[PDB]
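Asker: Quick one: structure below, then a few questions.
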Amino acid sequence: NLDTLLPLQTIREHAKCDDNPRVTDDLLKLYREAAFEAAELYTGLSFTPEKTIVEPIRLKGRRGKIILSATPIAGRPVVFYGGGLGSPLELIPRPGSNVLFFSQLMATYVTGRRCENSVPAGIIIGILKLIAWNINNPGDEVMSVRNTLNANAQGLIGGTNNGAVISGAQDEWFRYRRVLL
Amino acid sequence: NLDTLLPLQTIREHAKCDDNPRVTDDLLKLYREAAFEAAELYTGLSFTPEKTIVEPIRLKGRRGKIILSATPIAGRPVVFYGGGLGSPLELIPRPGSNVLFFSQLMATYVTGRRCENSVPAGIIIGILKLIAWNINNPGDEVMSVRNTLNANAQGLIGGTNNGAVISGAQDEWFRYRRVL
Amino acid sequence: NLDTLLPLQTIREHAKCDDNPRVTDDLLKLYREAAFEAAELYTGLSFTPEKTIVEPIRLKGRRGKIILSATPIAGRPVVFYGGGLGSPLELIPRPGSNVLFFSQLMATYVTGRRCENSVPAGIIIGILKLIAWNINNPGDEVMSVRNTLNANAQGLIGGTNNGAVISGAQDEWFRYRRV
Amino acid sequence: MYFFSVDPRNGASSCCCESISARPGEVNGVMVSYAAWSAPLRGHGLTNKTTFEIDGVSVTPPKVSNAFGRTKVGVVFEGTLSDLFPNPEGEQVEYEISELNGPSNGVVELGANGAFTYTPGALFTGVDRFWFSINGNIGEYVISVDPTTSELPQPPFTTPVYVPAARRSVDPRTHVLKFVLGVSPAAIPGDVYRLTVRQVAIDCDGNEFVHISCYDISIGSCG
Amino acid sequence: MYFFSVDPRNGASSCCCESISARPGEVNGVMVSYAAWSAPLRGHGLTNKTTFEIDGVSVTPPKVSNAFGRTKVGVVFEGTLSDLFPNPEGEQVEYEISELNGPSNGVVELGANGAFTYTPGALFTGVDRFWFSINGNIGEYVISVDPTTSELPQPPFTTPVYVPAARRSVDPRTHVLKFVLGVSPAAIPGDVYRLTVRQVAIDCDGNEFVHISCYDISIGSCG
Amino acid sequence: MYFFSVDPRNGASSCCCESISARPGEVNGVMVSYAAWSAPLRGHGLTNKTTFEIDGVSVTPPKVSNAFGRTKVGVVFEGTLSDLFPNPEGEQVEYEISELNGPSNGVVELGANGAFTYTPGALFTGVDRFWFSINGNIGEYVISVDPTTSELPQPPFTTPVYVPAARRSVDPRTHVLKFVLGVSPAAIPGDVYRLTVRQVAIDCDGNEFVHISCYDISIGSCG
Amino acid sequence: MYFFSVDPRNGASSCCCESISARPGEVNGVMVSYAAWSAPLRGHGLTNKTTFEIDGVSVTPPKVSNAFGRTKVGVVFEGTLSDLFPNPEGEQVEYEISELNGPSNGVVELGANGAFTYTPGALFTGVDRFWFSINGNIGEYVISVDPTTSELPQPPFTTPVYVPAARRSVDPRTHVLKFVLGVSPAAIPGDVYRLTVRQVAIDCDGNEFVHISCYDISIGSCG
Amino acid sequence: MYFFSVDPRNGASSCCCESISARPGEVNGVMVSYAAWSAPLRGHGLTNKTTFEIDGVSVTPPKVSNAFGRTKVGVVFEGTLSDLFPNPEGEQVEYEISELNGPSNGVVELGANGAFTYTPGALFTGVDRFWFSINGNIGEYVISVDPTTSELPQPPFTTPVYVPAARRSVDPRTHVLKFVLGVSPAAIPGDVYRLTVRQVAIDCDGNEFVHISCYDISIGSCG
Amino acid sequence: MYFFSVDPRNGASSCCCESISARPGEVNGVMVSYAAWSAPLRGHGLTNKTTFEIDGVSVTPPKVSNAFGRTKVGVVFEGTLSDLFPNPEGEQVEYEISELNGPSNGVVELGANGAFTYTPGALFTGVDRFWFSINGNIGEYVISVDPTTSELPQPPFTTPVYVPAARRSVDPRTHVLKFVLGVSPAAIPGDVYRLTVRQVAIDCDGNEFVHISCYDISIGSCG
Amino acid sequence: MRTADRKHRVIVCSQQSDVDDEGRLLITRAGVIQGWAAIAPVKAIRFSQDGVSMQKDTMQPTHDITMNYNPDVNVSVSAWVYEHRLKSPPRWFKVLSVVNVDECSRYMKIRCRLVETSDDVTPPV
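Below you can see the structure in the form of structure tokens.
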């Protein structure tokens, strides 16, 4: 529950704010919990351990195709039932991918990473970078490279560097996202 | 009611207005009472935990697709009653989606997340940001970012001078915003 | 009516101008009146009291489209007389818009708004910003970004010291507009 | 017309009972949408077995008493209006007959001093009431006219808040309950009454699924 | 023409009863739209059983009294106009007959001292009024001319604000009530009266839905 | 209608039992989806050999005791009540018979003092109950009407929380168990009961796969 | 209009009662906002069961006595004004009738020596007062004109400070109490009276919450 | 309304009992949030087995005694008020009936010398109290009206401080205890009473967690 | 809820045992997290073979003796309370029965002089206690009510500090031991007791790893 | 300057002085103007437990305070500035000079010196 897999002490040690009384525990908790789902929704990976799923299925294409929604597991049969089946049928997925082949057609399986020793460092580094940006960079002034404040005489360049994911946070998490094809 | 969702001390500690009080608390709570009318007017979402809703649906898309105005939870089957129908139907939705298949035809289900509902902290960081940007942009200082590349057309200083987009809000509320 | 919408205290505390007698109450009243006349004119929410109108209608199309100069008050019959009629006809408009569907033809509706309240925080924020602009940004010294100056050999940057658009309001009201 | 949605009993979604404002003299209609609760229980929907109950949580007992009379058909009836206002203090008695709540099949001539004449309409036999107002305090006076033969019974002196006997219905096609809520002209501003409704569903086999909810009728003045 | 939209009794959207400005002498029109309330109650709309009642909230009693006369057909009528102004102080009596409110079927020649002769128009038998002005204060003087046989009865001395007996109408296709509101030339500026309207709807079977509203007629001068 | 999805027993995904809020008087519906556990076990799906058990984890034993009566057909039955409220302290006994939980095939007229008359409906022989309210505390009194010949037996005094005899079903085509969950009118707010459900599957040859789960029904008031 | 906020009974934030300045002859308005006390008790807010009580803590007893007279309708009433001023010392009696506090439905002509003629306004039967001022000290004289038949009862001789019978109200939507405070013309400057107000809230089921507060009305002259 | 947070029994953070101010006549509300103690014990929260106890640590025993009388329905009752004040010294007895704490369903006429008539309100049978004030010191006199048949029992003479019988409740969803604290009009300013509350939580199987705390109510005047 | 972390037996990080403060009457919860000791011992965590022992380091022997009684079901039981206080000196005996620690299934009427009657709850057979307070010093009196057949045995006279028989539990996945620590109402403030906990882990094959630790329970008053 | 920079709430006070009858003298500081102003440091500060500064010269300004110009006021030699914060101990400044920024008469820049900053100063009256 985010207390065991991201100790506030590690955050306070990363962003070097362990002596700031202007970042209370409740505020850091709000940051840590708004950034464990603003960059989990973005990657579509639950963080709890192996977590069973059940969902409907709609075949696509004349040669049959079953697009799932979890990238289920490595080596455990996903089973199909209902929908004109006379007996639950078991398919084996191929690692990483979430496509299969052969009164609504249902499917069940188990997604997630085996152990409780949860999300790898890649995910955590992104959060640490996102939190740090959030605590010492509120959205009040447009910035520029380094952190200078320019003029431009014309429109500022600050399309994003106001408060967006400029830190290598958002892109670190992406290393884990999956370009379709 | 708002200050229960967003205590004033959290606003102040975020926007650095502490040991340096800029505009007084009254203006602060006015800013708060306007920053909940940009958020949750820009998202479409409302303020109530784990509602169950009732609504008339239509069947445009002759094949038969249904578009709900929420996101039914995973597993709980939605029921369709009314209209031409012998008895309420049982359709189990697709996880994290609002597309379905097959005298006003109506539907009811349970939205939100099953557990406690605050206000998804994460559509609050924009509200904190939108407040922050409004404490040090009272409206005499010309700041304006560019949207287009080319120019205005005439000697106009580009323009997006809006706030809530120049502040990093629009792109932190967008994660809870459907793209159709 | 405005004195209950914006109390001068909220202005003087937002624009951080309460200690300088250069901004008196008559001039700040003028500013607070010119910031509400452009709030209900770019957004169309009719902060003006009643203003009954009698104009001539020129029925336009074969679908019978009646267009109106100013919107009616959403629930009061717009009565048509003359133009050949011998018994004036009453129609009920659609709330928000100014379109109707049927020796000249005339119409006499009513406009404006009656009740005090129902002014959303979004609007006031825009209005506070607009005044905060005008109190310390007159029509001299066309500025540039971060309130700076310039010597741009070619020309200058233009449309910078026009209010309501360089600062807030134009964009803090768009959330109350439509297609 | 009031429209309420019921909680659907899912383990999901300041006082308990949702609130109803009422004004003395109005008679509204109430609509309750059981769709969220009875749609999942795939069966034969609602039935016409609703049960109503009125209870007071703050009453402010009436000052002026009500009273009852009887007459035969065609004959004029007389009575007083002065022994119905036991007053604690000393004050004058501005008797008044509101035209808004006058009789329905007759006429009444309020005398100078708590006196009145009810001339019943010719060729009419039933019950007829009218509501006097002794010094701001309102009560009802009910008169029953007989068809000259034996005697008529005594009607029950309508309560402050009531739901008419049989004007309720249920649309099993849309799971919506309709009933009427009528408030007497004697209901006193500031009071609060509590209405609990017990509605039964039914399964495809005919068993029972009960549902209970409450509503707090707050008698206000000026709507 | 005044137009009010009534509250729909749904539990959502300075003093209570809304305002109507009126000027002494005018006779206007009022329209009330029960659509917001009766349309949800899908039934047979309104019925012509509205009931009105006028009450005073502040009156400022009159200084000059009104008076009543009688005459047979064709014969000239005489009267005096000085015992209708009981004056507390000592002042002069500038009797006046406003041409705007003169008689309708006769002629009046104001004398020098509170005297007048009303010569009724030939071939006319009915009731005739005119409104005098004794030193700024206004009253009415009503004369009834008889068709020579017995006697005519006594008319009711029109009140400051009244609503004509039968000029009301209801359009069930559009749920709009129309009625007329007439103000006597004797109304004193500054007063306020209270008009309450009790209108009944009806359901598809013939039951009843009552609705009450109040209005505050403020007698102002200069419109 | 409640909906619970079982843990699928994979070694994978505050208290033990999931929570079910209830209100005294309701009769609700519960649904559980065994698809996550019964699908991989390829067999004949579910069977109708579920077994339930209720046991209390918090009881707050009742103040008023229950009682039993008997009468023949058509013959009116009388009885008392006070003999059912042994009070420790001294107070008054405001007997009440709620119209919501009154009898089903008779009529009961409460006396002023712990008295009541149960007139059976003509031509009816069975059991009938009703729930009284001795000073806030609720209990039940059960009456059995006999077909004039011998005698009827004695029914089991419905418990606070119960699961009806046989209204349960399982759809082996979609692995879903449905049962009904009823709460007596006497269950005390604040109590918590435990429902343990033992659901058994079956393999292709007819052996067994058993499954056990529990739920915490917490008797709450106002939803 | 005075506006007070009550202390909220939290155990947190010169003499006891707050102050109310009054001027003899005024009739002012007071508002008491219970929001700080009744809002936390989330329930049905206030009820209209307020109770007031007036006590004097410093009176400076009056010099001139009041008096009471009686007469029938239309008949002139006579009276004296000299036995209403018991004077201890030797001095003269400058009887006076102030025009501000003159009678309401008649006229009084002060004589040369404590004589006065109250000619009642024609066609009126009620009570009438006026406030004379025998040599700096003010008192009131009450007359009742009877409607020629029997006799009227006797009014209670309005006190220095009073809180009118029925002009109190409570808006449970915003927890605010409105009551009016009328001051006699005979209140002597410098005096102080004590008002204690007992207002009840109500919980969500109809129990009660009492609150008591006091106010010190200090009769000053000239604001 | 008072809001207390309990110490959480962790071995970390003038007297031990916290303080409560009260005013003679008020009836307030107290809220205790057991969240600090019952949340870690992850279980089913609070249960309705609170137990209260009132004890005095300073009493200032009263001067005037109370008394009890009896009468039937409708029949007028009399009594004396002079054997209730044993006075040690020599002084006069200013019997007084405060209008704030008068009776509820009757009326009393205080005589000139410790005599008084309690005419019960017509059509009423129960108990009624009223609080007299013999020379500054306050007591209560209790009368019970019987329904003309036998006799009523004898009520217990409300104490200086009490906690109403059944107005306590607990929200297991937020660990908050709500109870009422009502003080007699007789409590003497300066006294101090002690309240102990034994509140019992519950773990997930239904075992018990007890908690005790004490609160010192100090009867102060003027809040 | 007390939360202790055990020392990890590494040869690394005033008196021996850590402290636990307790209050007479409480029943608290203690949590000890053996993680720092059992985690490096990679295995199957804890087992349920914990054992406790209680020893007094300061006792302050009780003044009042305890006592035991016996009675059958339904029959009233009487008893004396004066031979339970051998007093060394001469004084009076103010017997008292605390409502906080009253009985559980019966009622007691404390007599005037060391006498009491225990009416056992009808239809009940078991053991039942209550705690008397003879002049400040507390003890318990134990009664066992028998189901009329033979006789009940004799329970063991609960000690001041005890650890319930079976309410200990341990979660092997996170190395946490939970147990309850309840204090009798007879524990005299100022005493100190010692709790020794012997907890066994287990390696991966089923061999054992024992651990011993102690705690110093300090009975304090006012928390 | 930026009107969102004037982020400090101060009270300009005048000093009223008189000798106590006991022989010593007493100074009162009465608040005259209250507004928003912007401060900025122009010299380091020596704190000396108890808060009071340890500047030796007592004539070199240490902070610059800018606020709305006010043509009717004369900031004398005897004006103070009391600055109150949220969770920081209050401060007392002594004005040492004023300068009318660019003589445009829109902002006064008060050259002042920090006297003391500790939780127990005497607020104005």
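Chains as they are written, first to last, in the deposited numbering: chain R3, 2 to 103, 124 to 202; chain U3, 2 to 103, 124 to 201; chain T5, 2 to 103, 124 to 200; chain N, 1 to 13, 21 to 230; chain M, 1 to 13, 21 to 230; chain O, 1 to 13, 21 to 230; chain c, 1 to 13, 21 to 230; chain d, 1 to 13, 21 to 230; chain e, 1 to 13, 21 to 230; chain I, 1 to 125.
Even for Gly, the Cβ is constructed at its ideal location relative to N, Cα and C.
#1: Between the segment 196-230 of chain M and chain N, which residues of the former have a C-beta closer than 7 Å to a C-beta of the latter?
#2: For residue 202 (chain e), list the residues DSSP reports as bridge partners.
#3: Assign residue 32 (chain O) to buried or exposed, taking buried as 16 or more other Cβ atoms, counted over all protein chains shown, within 10 Å of its Cβ.
#4: Quick check: the segment 40-52 of chain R3 against the segment 183-199 of chain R3, are there 3 or more CB pairs under 8 Å?
#5: Alpha carbon to alpha carbon, how far is residue 10 (chain N) from residue 37 (chain e)?
#6: Got a sec, what are the start and stop residues for the beta strand (DSSP E) residue 2 (chain N) sits in?
#7: With a cut-off of 8 Å, does the C-beta of residue 143 (chain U3) fall near any C-beta of chain O?
#8: Report the neighbours of residue 139 (chain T5) on chain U3: residues whose CB is nearer than 9 Å to its CB, in chain order.
#9: Would you check if the distance between the CB atom of residue 194 (chain M) and the CB atom of residue 226 (chain M) is smaller than 8 Å?
#10: Applying the criterion that 16 or more other CB atoms from any shown protein chain within 10 Å of the CB defines a buried residue, is residue 191 (chain e) buried or exposed?
#11: Taking the alpha carbon of residue 15 (chain O) as the reference point, which residue from 197 (chain O), 202 (chain O), 42 (chain O) has its own alpha carbon closest?
#12: Could you tell me whether any Cβ in chain d is nearer than 8 Å to the Cβ of residue 33 (chain e)?
#13: Say whether the segment 85-92 of chain e touches the segment 159-173 of chain e, bearing in mind that this needs 3 or more beta-carbon pairs closer than 8 Å, one atom from each stretch.
#14: Between 45 (chain M), 126 (chain M), 145 (chain M), 125 (chain M), which lies nearest to residue 102 (chain M) when the distance is taken from Cα to Cα?
#15: For residue 231 (chain d), would you say it is in contact with chain e, using Cβ-to-Cβ distances shorter than 8 Å as the test?
#16: Find out if the Cβ-Cβ distance for the pair residue 15 (chain N), residue 55 (chain c) is shorter than 8 Å.
#17: Closer than 8 Å, CB to CB, is residue 163 (chain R3) near chain O or not?
#18: Would residue 59 (chain c) and residue 199 (chain c) qualify as a contact pair, given that the criterion is a beta-carbon distance under 8 Å?
#19: What residues in the segment 34-47 of chain O bring their beta carbon closer than 8 Å to a beta carbon of chain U3?
#20: Buried or exposed: where does residue 83 (chain N) fall if 16 or more other Cβ atoms within 10 Å of its Cβ makes it buried?
#21: How close, in whole Å, do the beta carbons of residue 25 (chain O) and residue 222 (chain O) come, if the pair is a contact with beta carbons under 8 Å?
#22: Taking Cβ-Cβ distances below 7 Å as the criterion, which residues of the segment 107-134 of chain c are in contact with chain d?
#23: Which runs of the beta strand (DSSP E) at least 3 residues long sit entirely within the segment 73-124 of chain d? Give them in chain order.
#24: Assign residue 155 (chain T5) to buried or exposed, taking buried as 16 or more other Cβ atoms, counted over all protein chains shown, within 10 Å of its Cβ.
Answerer: Well, looking at it:
#1: 203, 205, 214, 215, 216, 217, 218, 219: these are the residues of the segment 196-230 of chain M whose beta carbon lies less than 7 Å from some beta carbon of chain N, given in chain order.
#2: Checking the DSSP bridge columns, you'll see residue 202 (chain e) partnered with 61 (chain e), 222 (chain e).
#3: With 16 or more neighbouring CB atoms inside 10 Å of its own CB, residue 32 (chain O) falls in the buried class.
#4: Cβ pair count under 8 Å is three or more, so yes.
#5: C-alpha separation (whole angstroms): 36 Å.
#6: Unbroken beta strand (DSSP E) run through residue 2 (chain N): 2-5.
#7: Judged by the 8 Å Cβ criterion, residue 143 (chain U3) is not in contact with chain O.
#8: Here the premise fails: no neighbours, minimum Cβ distance about 13 Å.
#9: In this structure, the beta-carbon distance from residue 194 (chain M) to residue 226 (chain M) falls below 8 Å.
#10: The residue is buried, with at least 16 neighbouring Cβ atoms inside 10 Å.
#11: No coordinates are present for residue 15 (chain O), because the numbering of chain O runs from 13 directly to 21.
#12: Yes, because at least one Cβ of chain d sits closer than 8 Å to the Cβ of residue 33 (chain e).
#13: The segment 85-92 of chain e is not in contact with the segment 159-173 of chain e.
#14: Checked all of 45 (chain M), 126 (chain M), 145 (chain M), 125 (chain M); the closest Cα to residue 102 (chain M) is 145 (chain M).
#15: The requested residue 231 (chain d) does not occur in the structure, where chain d is confined to residues 1 to 230.
#16: Absent here is residue 15 (chain N), because the residues of chain N run from 13 on to 21 with nothing modelled in between.
#17: So, not an interface residue.
#18: In this structure, residue 59 (chain c) keeps its C-beta atom at 8 Å or more from the C-beta atom of residue 199 (chain c).
#19: Only those residues of the segment 34-47 of chain O whose C-beta falls short of 8 Å from the nearest C-beta of chain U3 are listed: 40.
#20: By the neighbour-count rule (16 or more Cβ atoms within 10 Å), residue 83 (chain N) is not buried but exposed.
#21: Contact between residue 25 (chain O) and residue 222 (chain O) holds, with the beta-carbon distance rounding to 6 Å and staying under 8 Å.
#22: Result list empty, no residue passes.
#23: Secondary structure remark: continuous beta strand (DSSP E) runs of at least 3 residues inside the segment 73-124 of chain d, in chain order: 74-79, 84-87, 113-117.
#24: For residue 155 (chain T5), the number of other beta carbons within 10 angstroms of its own is at least 16, and it is reported as buried.
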